[PDB]
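Q: One file is attached below, upload_39.csv, containing CSV, C-alpha atoms.
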chain,number,residue,atom,x,y,z
A,1,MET,CA,33.1,-12.3,13.7
A,2,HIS,CA,30.7,-9.4,14.3
A,3,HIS,CA,27.2,-8.4,13.5
A,4,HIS,CA,25.0,-5.3,13.6
A,5,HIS,CA,21.9,-4.5,15.7
A,6,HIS,CA,20.2,-1.3,16.9
A,7,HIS,CA,16.6,-0.2,17.6
A,8,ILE,CA,14.9,2.4,19.7
A,9,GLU,CA,11.8,4.6,19.6
A,10,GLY,CA,9.4,4.6,16.7
A,11,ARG,CA,6.3,3.7,18.6
A,12,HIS,CA,6.9,4.3,22.3
A,13,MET,CA,3.9,5.2,24.5
A,14,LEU,CA,1.8,4.7,21.4
A,15,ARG,CA,2.6,7.4,18.9
A,16,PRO,CA,-0.1,9.9,17.6
A,17,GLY,CA,-2.3,9.0,14.7
A,18,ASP,CA,-4.2,6.0,16.0
A,19,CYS,CA,-4.4,4.3,12.6
A,20,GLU,CA,-1.2,2.7,11.3
A,21,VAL,CA,-2.3,2.4,7.7
A,22,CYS,CA,-4.5,5.5,7.8
A,23,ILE,CA,-3.4,9.1,8.2
A,24,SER,CA,-0.1,8.1,6.6
A,25,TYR,CA,-0.2,9.4,3.1
A,26,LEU,CA,-3.8,10.6,2.7
A,27,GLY,CA,-3.0,13.0,5.5
A,28,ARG,CA,-0.2,14.6,3.6
A,29,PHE,CA,-2.2,14.7,0.4
A,30,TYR,CA,-5.3,16.6,1.6
A,31,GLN,CA,-3.0,19.0,3.4
A,32,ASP,CA,-1.9,20.2,0.0
A,33,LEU,CA,-5.4,20.5,-1.4
A,34,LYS,CA,-6.5,22.8,1.4
A,35,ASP,CA,-3.1,24.6,1.1
A,36,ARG,CA,-4.5,26.7,-1.8
A,37,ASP,CA,-3.0,24.1,-4.2
A,38,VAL,CA,-6.1,22.2,-5.4
A,39,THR,CA,-9.8,22.7,-5.5
A,40,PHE,CA,-12.1,20.7,-3.3
A,41,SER,CA,-13.7,19.0,-6.3
A,42,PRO,CA,-14.1,15.4,-7.4
A,43,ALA,CA,-12.5,16.3,-10.7
A,44,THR,CA,-9.8,18.7,-9.5
A,45,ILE,CA,-8.7,16.4,-6.7
A,46,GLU,CA,-8.9,13.1,-8.7
A,47,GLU,CA,-6.7,14.7,-11.3
A,48,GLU,CA,-3.9,15.1,-8.8
A,49,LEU,CA,-4.4,12.0,-6.7
A,50,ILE,CA,-4.3,9.8,-9.8
A,51,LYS,CA,-0.7,10.9,-10.3
A,52,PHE,CA,0.2,10.0,-6.7
A,53,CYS,CA,-1.4,6.6,-7.1
A,54,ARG,CA,0.4,5.7,-10.4
A,55,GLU,CA,3.5,7.4,-9.0
A,56,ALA,CA,3.2,5.9,-5.6
A,57,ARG,CA,5.8,3.8,-3.8
A,58,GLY,CA,5.3,1.5,-0.9
A,59,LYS,CA,2.5,2.2,1.6
A,60,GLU,CA,1.6,5.0,-0.7
A,61,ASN,CA,0.7,2.5,-3.3
A,62,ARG,CA,-1.1,0.0,-1.1
A,63,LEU,CA,-3.5,2.8,-0.2
A,64,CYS,CA,-4.8,3.7,-3.7
A,65,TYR,CA,-5.3,0.0,-4.2
A,66,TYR,CA,-7.5,-0.2,-1.1
A,67,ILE,CA,-9.4,3.0,-1.9
A,68,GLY,CA,-9.7,2.1,-5.6
A,69,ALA,CA,-8.5,5.2,-7.5
A,70,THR,CA,-7.0,3.5,-10.5
A,71,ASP,CA,-8.4,0.9,-12.9
A,72,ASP,CA,-5.2,-1.1,-12.4
A,73,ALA,CA,-5.9,-1.5,-8.7
A,74,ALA,CA,-9.2,-3.2,-8.0
A,75,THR,CA,-12.0,-1.0,-9.2
A,76,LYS,CA,-13.3,1.3,-12.0
A,77,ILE,CA,-14.1,4.5,-10.2
A,78,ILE,CA,-12.2,7.1,-8.1
A,79,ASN,CA,-15.3,8.7,-6.8
A,80,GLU,CA,-14.7,6.6,-3.7
A,81,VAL,CA,-12.2,9.3,-2.7
A,82,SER,CA,-13.7,12.2,-4.7
A,83,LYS,CA,-17.5,12.1,-4.1
A,84,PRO,CA,-17.1,12.3,-0.3
A,85,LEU,CA,-13.9,14.3,-0.4
A,86,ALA,CA,-15.9,17.0,-2.1
A,87,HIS,CA,-18.7,16.7,0.4
A,88,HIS,CA,-16.5,18.0,3.2
A,89,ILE,CA,-14.8,14.7,4.1
A,90,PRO,CA,-11.1,15.2,4.5
A,91,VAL,CA,-9.6,11.8,4.9
A,92,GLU,CA,-12.5,11.2,7.3
A,93,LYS,CA,-14.3,8.5,5.2
A,94,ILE,CA,-11.1,6.9,4.0
A,95,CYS,CA,-11.4,4.6,7.1
A,96,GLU,CA,-12.9,6.6,10.0
A,97,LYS,CA,-16.3,6.4,8.3
A,98,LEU,CA,-15.7,3.4,6.0
A,99,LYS,CA,-15.2,1.5,9.3
A,100,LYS,CA,-19.0,1.2,9.4
A,101,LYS,CA,-18.7,-1.4,6.7
A,102,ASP,CA,-15.0,-2.5,6.8
A,103,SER,CA,-13.1,-1.9,10.0
A,104,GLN,CA,-10.2,-4.0,8.8
A,105,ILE,CA,-9.3,-1.1,6.5
A,106,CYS,CA,-7.4,0.5,9.3
A,107,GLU,CA,-6.1,-2.3,11.5
A,108,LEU,CA,-5.9,-4.9,8.8
A,109,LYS,CA,-4.5,-7.4,11.4
A,110,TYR,CA,-6.5,-10.5,10.4
A,111,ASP,CA,-7.1,-9.1,6.9
A,112,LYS,CA,-7.2,-11.4,3.8
A,113,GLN,CA,-3.5,-11.8,3.3
A,114,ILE,CA,-1.9,-14.2,0.8
A,115,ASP,CA,-0.8,-17.5,2.3
A,116,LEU,CA,2.6,-17.8,0.7
A,117,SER,CA,5.2,-15.9,2.7
A,118,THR,CA,5.6,-14.3,6.1
A,119,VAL,CA,5.2,-10.6,5.2
A,120,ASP,CA,3.4,-10.1,1.8
A,121,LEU,CA,1.0,-7.3,2.6
A,122,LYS,CA,2.2,-6.4,6.1
A,123,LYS,CA,5.9,-5.6,5.7
A,124,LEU,CA,6.0,-4.7,2.0
A,125,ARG,CA,9.8,-4.3,1.8
A,126,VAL,CA,13.0,-6.1,0.9
A,127,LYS,CA,11.6,-8.9,3.1
A,128,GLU,CA,8.3,-9.3,1.3
A,129,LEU,CA,10.5,-9.9,-1.8
A,130,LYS,CA,13.2,-11.9,-0.1
A,131,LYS,CA,10.7,-14.3,1.4
A,132,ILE,CA,8.3,-14.6,-1.5
A,133,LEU,CA,11.2,-15.1,-3.9
A,134,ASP,CA,12.7,-18.0,-1.9
A,135,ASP,CA,9.3,-19.7,-2.2
A,136,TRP,CA,9.7,-19.9,-6.0
A,137,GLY,CA,13.3,-21.1,-5.7
A,138,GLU,CA,16.0,-19.0,-7.4
A,139,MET,CA,19.7,-18.4,-7.0
A,140,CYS,CA,22.9,-17.5,-8.9
A,141,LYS,CA,25.6,-17.6,-6.3
A,142,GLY,CA,26.2,-14.5,-4.3
A,143,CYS,CA,23.1,-12.4,-5.3
A,144,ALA,CA,20.2,-11.0,-3.4
A,145,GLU,CA,18.9,-7.5,-3.4
A,146,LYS,CA,15.6,-5.7,-3.5
A,147,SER,CA,16.2,-3.8,-6.8
A,148,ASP,CA,17.5,-7.2,-8.1
A,149,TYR,CA,14.2,-8.9,-7.5
A,150,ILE,CA,12.5,-6.0,-9.3
A,151,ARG,CA,13.6,-7.8,-12.5
A,152,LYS,CA,14.4,-11.3,-11.3
A,153,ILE,CA,10.9,-11.8,-10.0
A,154,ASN,CA,9.1,-9.5,-12.5
A,155,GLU,CA,10.2,-11.8,-15.3
A,156,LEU,CA,8.3,-14.6,-13.4
A,157,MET,CA,5.4,-12.5,-12.3
A,158,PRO,CA,2.8,-14.2,-14.5
A,159,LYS,CA,4.6,-17.4,-13.9
A,160,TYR,CA,4.6,-17.7,-10.1
A,161,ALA,CA,1.7,-15.2,-9.8
A,162,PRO,CA,-0.6,-15.0,-12.9
A,163,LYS,CA,-3.7,-14.0,-11.0
A,164,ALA,CA,-7.2,-14.0,-12.6
A,165,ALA,CA,-6.0,-17.2,-14.3
A,166,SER,CA,-4.6,-19.6,-11.7
A,167,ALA,CA,-7.4,-19.0,-9.2
A,168,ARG,CA,-10.1,-17.7,-11.5
A,169,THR,CA,-10.2,-19.2,-15.0
A,170,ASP,CA,-9.1,-22.5,-16.5
A,171,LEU,CA,-9.6,-24.5,-13.3
Turn this file's structure into structure tokens for me.

A:
Amino acid sequence: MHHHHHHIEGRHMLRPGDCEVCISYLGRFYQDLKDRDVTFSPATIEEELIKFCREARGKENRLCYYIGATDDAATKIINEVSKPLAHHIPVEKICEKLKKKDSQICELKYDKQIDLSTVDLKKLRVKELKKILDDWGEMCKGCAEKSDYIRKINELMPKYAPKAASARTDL
């Protein structure tokens, strides 16, 4: 009879950065471009960022999806982060400027989240998979892990989440 609990720091007195979703990865990316590692061009920068997007993991992936750098995200052009980035705009338009049109880009508090689980776009972790999976109904006696859902749920991706078919076509 014993549990585990421990928490402290992480956001005391409001940590530096202002934006929670912004200045996270994009801030560490541009730092390399200016570090005599990449040219400030829409072609020399998009050639590197593309790799980070397709090879992203976690919050690093949700970014490229919001900025639209890959065709498998939600757009067909990466200029959104190249055109301006080359016009002397270091992670300044990613949200700071874009806010002029979409302020939810940074905060994303009341953003358009999926009404299925508790944390789908907010806490994208073992929880987002442990909560969304339970909604579909699945079990095998003593079995529940993040890496486990990567295949247990993936095999039912188009089943319990077709997209562009369940809420787009057919009807």

Q: List as JSON, numbers by chain the residues having at least one atom at most 8 Å from position (-6.3, 12.8, 1.2) as given in the file, counting all atoms listed in the file.

A: {"A": [25, 26, 27, 28, 29, 30, 31, 81, 85, 90, 91]}

Q: Need the shell around residue 77 in chain A: protein/DNA/RNA residues with any atom at most 12 Å away, counting all atoms listed in the file. Skip same-chain ones fewer than 2 positions apart. Format as a VMD selection string?

A: chain A and resid 42 to 43 46 50 64 to 65 67 to 75 79 to 83

Q: Considering only C-alpha atoms, return as a PyMOL selection string whatever protein or nucleic-acid residues lie within 12 Å of residue 128 in chain A, sequence-local ones (same chain, fewer than 2 positions apart) excluded.

A: chain A and resi 58+114+116-126+130-135+145-146+149-150+153

Q: Provide the CA of residue 158 in chain A to CA of residue 139 in chain A distance in Å, to one decimal place.

A: 19.0 Å

Q: Can you work out which one of A:57, A:129, A:48, A:103 has the shortest atom-to-atom distance to residue 151 in chain A, counting only C-alpha atoms?

A: A:129

Q: Find the residues of range 17-100 of chain A that sit at most 7 Å from range 106-109 of chain A; for each, write down the nearest two atoms and how far apart they are in Å, to one decimal. Count all atoms listed in the file. Sort by chain, then by number going up, and give it as JSON lines.

A:
{"residue": "A:19", "atom": "CA", "partner": "A:106", "partner_atom": "CA", "distance": 5.9}
{"residue": "A:20", "atom": "CA", "partner": "A:106", "partner_atom": "CA", "distance": 6.9}
{"residue": "A:21", "atom": "CA", "partner": "A:106", "partner_atom": "CA", "distance": 5.7}
{"residue": "A:22", "atom": "CA", "partner": "A:106", "partner_atom": "CA", "distance": 6.0}
{"residue": "A:95", "atom": "CA", "partner": "A:106", "partner_atom": "CA", "distance": 6.1}

Q: Go ahead and compute the interatomic distance for CA of residue 63 in chain A and CA of residue 78 in chain A, in Å to one decimal.

A: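 According to the coordinates, CA of residue 63 in chain A and CA of residue 78 in chain A are separated by 12.5 Å.
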
Q: Could you work out how far CA of residue 104 in chain A lies from CA of residue 47 in chain A, giving the answer in Å with one decimal?

A: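 Taking CA of residue 47 in chain A and CA of residue 104 in chain A, their separation equals 27.7 Å.
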